[PDB]
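In: Sequence first, structure after, both from an experimental entry:
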Amino acid sequence: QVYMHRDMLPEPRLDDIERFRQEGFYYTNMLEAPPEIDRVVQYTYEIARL
Amino acid sequence: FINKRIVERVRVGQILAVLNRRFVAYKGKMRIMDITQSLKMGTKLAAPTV
């Protein structure tokens, strides 16, 4: 399971700095779960060649 | 006797009549290259062919 997808880096608001006693918005590549198959595009070298 | 117009009597203004022939000349911009030595065995193409 390794995919590529145009993803924004979380740029959070900072009004209550103290509220950042939160999990300091860790962010990760680690998907909680994979994508909907009908939304994915399976590539073989073969196709990429063409 | 040869039945081929080797030496011919001409007027003068008729001199240039010779023109006649077509002629197609590759523009200076282009490069003519013989792809004949690119027939090595270990070369694979992206477009598989029959």
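Out: Nice, thanks for sending it over. Residues are numbered from 1 along each chain as shown, chains lettered A, B, ... in the order given.
In: Assign a three-state SS to residue A:7, would you?
Out: Secondary structure state of residue A:7, per DSSP: H, G, I helix; E, B strand; the rest coil, is coil.
In: Run a quick neighbour tally on it.
Out: Counted with other Cβ atoms under 10 Å in any protein chain shown, the neighbours of residue A:7 add up to 8. Backbone N, C-alpha and C define where each C-beta goes, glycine included.
In: Residue A:24 too?
Out: Neighbour number of residue A:24 under other Cβ under 10 Å is 8.
In: That one and residue B:1: what is the separation?
Out: Computed as Cβ to Cβ, to the nearest Å, the residue A:24 to residue B:1 distance reads 107 Å.
In: Residue A:13 now?
Out: Relative to residue B:1, residue A:13 is positioned 105 Å away (Cβ to Cβ).
In: cool, and residue A:42?
Out: 79 Å.
In: Those two: which has the busier surroundings?
Out: residue A:42 (6 against 3).
In: what about that one, helix or strand, and which?
Out: Under DSSP states H and E, no helix or strand contains residue A:42.
In: Now for the nearest residue to residue A:20 once chain neighbours are set aside, how many residues are close by?
Out: Nearest residue to residue A:20 in three dimensions, chain neighbours excluded: residue A:14, at 7.1 Å (Cβ to Cβ, 6 or more residues apart in numbering or on different chains). For residue A:14, the count of nearby residues is 7 (other Cβ under 10 Å).
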